[PDB]
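# A closer look at the structure
Okay, here's what each chain looks like letter by letter:
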Amino acid sequence: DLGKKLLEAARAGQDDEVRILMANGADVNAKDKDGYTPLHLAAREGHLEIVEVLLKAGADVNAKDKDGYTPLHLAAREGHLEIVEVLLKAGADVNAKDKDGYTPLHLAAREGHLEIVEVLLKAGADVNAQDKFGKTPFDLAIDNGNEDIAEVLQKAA
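What this report covers is the structure whose coordinates are included nearby. (Residues numbered from 1 in each chain as written, not as in the entry; some residues may be left out. Heavy atoms only, no water.)

Within the chain, the regular secondary structure consists of 10 helices and 0 strands. If you list the helices and strands of the chain from N to C, you get α-α-α-α-α-α-α-α-α-α. Computed over the C-alpha atoms, the radius of gyration of the chain is 16 Å, within 12% of the 15 Å expected from 2.2 N^0.38 for a compact globule of 157 residues. With the principal axes as the frame, the chain shows a C-alpha extent of 50 × 25 × 25 Å. (Helix = DSSP H or I, 4+ residues; strand = E, 2+ residues; numbered from the N terminus. Rg over C-alpha atoms; globule rule 2.2 N^0.38 Å.)

Right, let's talk about the nonpolar core for a bit. One finds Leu87, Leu120 and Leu153 to be the most contacted residues of the largest nonpolar core, which totals 39 residues. Leaving out residues up to four positions away in the same chain, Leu87 has contacts with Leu39, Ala43, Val51, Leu55, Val61, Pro71, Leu72, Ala75 and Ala92. Judged by nonpolar contacts, the second largest core, of 5 residues, contains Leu7, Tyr36, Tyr69 and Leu74. (Core = buried A, V, L, I, M, F, W, Y, C linked by side-chain atoms within 4.5 Å. Buried < 20%, exposed > 50% of the residue type's maximum accessible area, 1.4 Å probe, protein only. Contact = heavy atoms within 4.5 Å.)

What follows deals with the environment of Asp34. Within the element layout of this structure, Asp34 appears in the loop between α2 (15–23) and α3 (38–45). Remark: the alpha-carbon pair of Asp34 and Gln130, spanning 96 residues in sequence, is separated by 25 Å. Those residues in contact with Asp34, other than ones at most four positions away along the chain, are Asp65 and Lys66.

All right, on to the packing of α2 against helix α4 (residues 48–57) then. Two numbers describe how α2 lies on α4: the axes approach to 10 Å, and their chain directions differ by 10°. Taken together, the axes of α2 and α4 lie roughly parallel to each other. Along this stretch, α2 crosses α4, giving a crossing that reads as right-handed. Contacts from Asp15, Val18, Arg19 and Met22 of α2 reach α4 at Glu49, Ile50, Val53, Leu54 and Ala57. Taken together, the residues of the contact of α2 with α4 break down into 6 nonpolar, no polar and 3 charged. (Axes fitted to C-alpha atoms, helices over the stretch in contact; angles between N-to-C directions. Parallel < 35°, antiparallel > 145°, perpendicular 65-115°, else oblique. Left-handed = near helix turned anticlockwise from the far one by under 90°. Nonpolar A, V, L, I, M, F, W, Y, C, P; charged D, E, K, R; others polar.)

Here we come to helix α7 (residues 104–111). Where burial is concerned, most of α7 is hidden: 6 out of the 8 residues are buried. When we look at burial in α7, the residues that qualify are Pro104, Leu105, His106, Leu107, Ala108 and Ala109. Lining the buried residues of α7 we find α5 (71–78), α8 (114–123), α9 (137–143) and α10 (147–156). Two residues or fewer past α7, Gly112 is found with a positive phi of approximately 95°.

Attention shifts here to the packing of aromatic side chains. All told, the structure shown has 0 aromatic pairs when counted by the stated rule. One residue, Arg77, lies across the ring of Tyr69, its end atom 5.9 Å from the ring centre. (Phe/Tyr/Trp six-rings, centres within 6.5 Å; stacked < 30°, edge-to-face > 60°. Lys NZ or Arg CZ within 6 Å of the ring centre and 35° of its normal.)

Let us look at the side chain of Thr70. Note on placement: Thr70 falls in the loop between α4 and α5. Excluding residues within four positions of it along the chain, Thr70 makes contact with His40, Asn62, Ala63, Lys64 and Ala96.

On to the pattern of salt bridges. Applying the stated criterion to the full structure yields 6 salt bridges. Across the salt bridge formed by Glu49 and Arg19, the nearest N and O atoms sit 2.8 Å from each other. Of this pair, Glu49 sits in helix α4 while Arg19 sits in helix α2, and the two are 30 residues apart along the sequence. Close ionic contact of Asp143 with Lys135 constitutes a salt bridge, the shortest N to O distance being 3.3 Å. Connected through salt bridges with shared partners, the residues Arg11, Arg44 and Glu45 form a single ionic network. (Salt bridge = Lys/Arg side-chain N within 4 Å of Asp/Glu carboxyl O.)

Moving on to the side chain of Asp131. Within the secondary structure, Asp131 is located in the loop between α8 and α9. Discounting chain neighbours no more than four positions away, the residues touching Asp131 are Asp100, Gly101, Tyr102, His106 and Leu140.

Structure below.
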């Protein structure tokens, strides 16, 4: 099965295996048990070249797992700036929400990624976005000692 192998190669960061699998008609939008697609794993593990290659294939940039996570959600969380930009240039939902109401701006502000916070704010990230707890990206930035990020958000808000 080319699907399962494309998922393994995508997360392990095996470019050539990815290019070969895809050449042999591997489903770029293949899903596993947890609802992950090769794009999710690549974005999460930070395999840039694997990400763009999949984006060219026509992979769904907005695909969601059983938690509501989009590739952009994982990229903002892990802190892969370059990957975040590529997803956004591909047409990623800058304001997508998971099961907890988290937007990419929420996770970035929570993890302390100031660079990504910026790019997201340029993409159209709603600073006033609220998770299912009523908290905003600004609230989380403060809850985690991320001051520099909180200042940028208070200015953007």
